[PDB]
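Presented as structure tokens, the chain that follows is alone, the form deposited in one PDB entry.
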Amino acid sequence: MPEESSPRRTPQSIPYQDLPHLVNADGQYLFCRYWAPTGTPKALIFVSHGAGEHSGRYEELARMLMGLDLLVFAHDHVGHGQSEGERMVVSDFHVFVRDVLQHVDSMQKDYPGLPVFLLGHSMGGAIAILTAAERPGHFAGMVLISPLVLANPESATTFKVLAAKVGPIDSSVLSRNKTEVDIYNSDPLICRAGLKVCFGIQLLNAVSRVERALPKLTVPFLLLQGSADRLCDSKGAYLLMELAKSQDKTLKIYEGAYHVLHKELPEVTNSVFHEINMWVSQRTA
């Protein structure tokens, strides 16, 4: 008599049979999270986390969102969090987009006729842009927290020279809020290893694809950028503002703020939480 294989486990040895999951096109398991409101959801919203991080970091945002009677759902991108795959490795950047579309396609079927929003930060924001541009007309609304549209020139050129000759980021540039930098540095699911070269060329590659997709955007969106962001240049968010065709487009600059605006100084963070709340609320009522 043949036997079933020993259960599939996350890279932290938890059986997938125990967690919300989905199998992707390459047969890799993805860890999933769901925040479901009491009663009928007004809409669906997918949260796309950034490079090195994981969906767990979006707990508070997602609870506010679910607060407005939306169904929030997320998964960890491949090579992130509790999803399978070599840490911060992807065959091609398009995998992230495809994997989102799959999760949305699934969720839409289970919840027919509901509008769907995207929320992304950083690389997760670049993924949201590409996701939207691949399906013009399909998403109700897009919320972008300092999305990767243009990469910091100082840093990009440094990396390009280093790559041309083939270290971990100073995590202080994340946030003026030093408690949040510390929380980041002590989260076991994060990948704080230096940026591999193959993944770094991929991100500069995504910058290029994002610029090509900009003119094709028609989806409504809210765009939150810090003026002193040393990872995703603020110039990128002006470009998005200029090139997108969306009839419904809005930009908040946070003067002096760094990169992770939902994890910044409370004045900033509270504003970020409020604007997202106001915007999504107006477009679901």
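The first residue of the sequence shown is number 1, and the count goes up from there. For clarity, a rigid core is taken as the largest C-alpha set superposing within 1.5 Å between two forms. Only residues modelled in both forms are compared.
One more form of this protein exists, namely the form deposited in another entry; it is left out here, but the text below deals with it.
- Just one of 172, 106, 185, 158 moves its Cα by 2 Å or more between this form and the one not shown on a rigid core overlay, and this residue is 158.
- Look at residue 156 and residue 57: in the other entry their Cα atoms move 3 Å or more farther apart than in this form.
- In comparison with the shown form, the Cα-Cα distance of residue 161 and residue 207 decreases by at least 3 angstroms in the other entry.
- Residues present in both forms were compared between this form and the one not shown after fitting on the core; the only consecutive run of three or more with every C-alpha moved by 2 angstroms or more is 151-166.
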